[PDB]
Each structure stands twice: as structure tokens, then as C-alpha cells.
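A quick write-up on the structure given underneath.
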Amino acid sequence: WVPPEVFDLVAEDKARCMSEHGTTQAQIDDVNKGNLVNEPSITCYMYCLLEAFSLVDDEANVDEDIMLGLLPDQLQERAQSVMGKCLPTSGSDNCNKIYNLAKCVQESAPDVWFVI
Ligand SMILES: CCCCNS(=O)(=O)c1ccccc1
Ligand code: NA
């Protein structure tokens, strides 16, 4: 659902976050297919990108309002519902916190969790 202009807003942060964490595009594609394991190279990537867009703070607490605001009108009710179930985050560290949220959201609504 991401609009095509988001993709250059994000390009520099994407390149940075992939390089910092050893993330591959293949791993990003996998998350988008609904497959996600608790591997730091992908989970720290997701944390990295959320932070980049100011959607999480230094302990992976989620700014849900800022998050919903980046979603299409048609997705927001469902997204707000799932965030109701899946927040607040919890986990062993910032990456694991986002792993657990990604899993939660994917289990429960699997049109909401896209990873750029
Ligand atoms: C739902 C977020 C999961 C990780 N997504 S994202 O950060 O790549 C992103 C997606 C859409 C808008 C902004 C950031
Ligand atoms: Na890894």
C-alpha cells in the first residue's frame, strides 16, 4: 500500500539501516511474504527504519498516532485495531521488541505490516 514517493524519502535511511545490520533485500522480501524469524539482521533493520521515521523511541516504544498517520485511510481502522492488541511493545532489546510486534501484527492482520 506504500505510495511510490515514500520510497525516496526512505532511500538513504534504508541503505544505512541495511548496512548497519547486515540486512539483505531477500530478508525484507521474506518479511513481506509473512515470514519472519528472530534474526537481528532483519529485526534490527525494522527497528532502525521505525526510528528513522520517528515511529519509535530509544526503547522501541511506538508512537501509534504518528504510525497510523502514515497509513492509508482504508487501512487505519484495522491498523488501530491490531495496535490495540499488539502494543505496548515488549522484548529483550529494541530489535526483539520489534520482532514481537511484527509477529503479533502478522498473526492478527496480515495486510498491515509492510517493510520498506
Ligand atoms: C508498519 C511498519 C513496519 C516496518 N515498516 S516501515 O518502517 O518499513 C514503514 C512502513 C510504512 C510506512 C513507514 C515505515
Ligand atoms: Na541475523
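Cβ placement follows ideal geometry from the backbone for every residue including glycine, while neighbour counts extend to all protein chains displayed. Just so you know, all these numbers are worked out from the coordinates, no wet-lab data involved.
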Please report the spacing between the Cα centers of segment 15-30 and segment 45-116 in Å, no decimals. 18
A correct fewest-to-most ranking of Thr24, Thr89 by other Cβ atoms within 10 Å would be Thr24, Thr89
Any chance you could run the full-extension gain for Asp58 through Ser108? It's 0.36 nm times the residue separation minus the Cα-Cα distance, nm to one decimal. 15.4 nm
Between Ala15 and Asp73, what is the label-to-label distance in nm when each label sits 7 Å out along the Cα-to-Cβ direction? 3.5
May I ask you to work out the translational diffusion coefficient for the chain at 4 °C, viscosity 1.567 mPa s, via Stokes-Einstein with Rh from the Kirkwood sum over Cα pairs, reported in whole µm²/s? 92
Report, in deg cm²/dmol and to the nearest 500, the calculated mean residue ellipticity at 222 nm for the chain, where each DSSP H run with n ≥ 4 adds -39500 (n - 2.57) and the sum is divided by the residue count. -18000 deg cm²/dmol
Segment 83-116: chymotrypsin sites (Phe, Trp or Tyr not before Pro) in DSSP loop, at most 14 other beta carbons within 10 Å: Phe114
Report, in debye and to the nearest 20, how large the dipole of the chain comes out about its Cα centre when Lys and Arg carry +1 and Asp and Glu carry -1 on their Cβ. 400
Of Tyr99, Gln80, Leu68, farthest towards positive along the dipole that unit charges on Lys, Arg, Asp, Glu beta carbons give segment 66-112: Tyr99
Yeah, segment 64-109 with a ≥ b ≥ c from its alpha-carbon gyration tensor (a/c under 1.5 is rounded, else prolate when a/b outruns b/c, oblate otherwise) is prolate
Spelling it out for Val56: with amide H atoms placed in the peptide plane at 1.01 Å from N, the residues 5 or more places away or on another chain with amide H under 5 Å from its amide H are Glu51, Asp63
Mind checking which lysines have their C-alpha under 16 Å from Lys85, skipping anything on the same chain fewer than 8 residues away? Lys97, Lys103
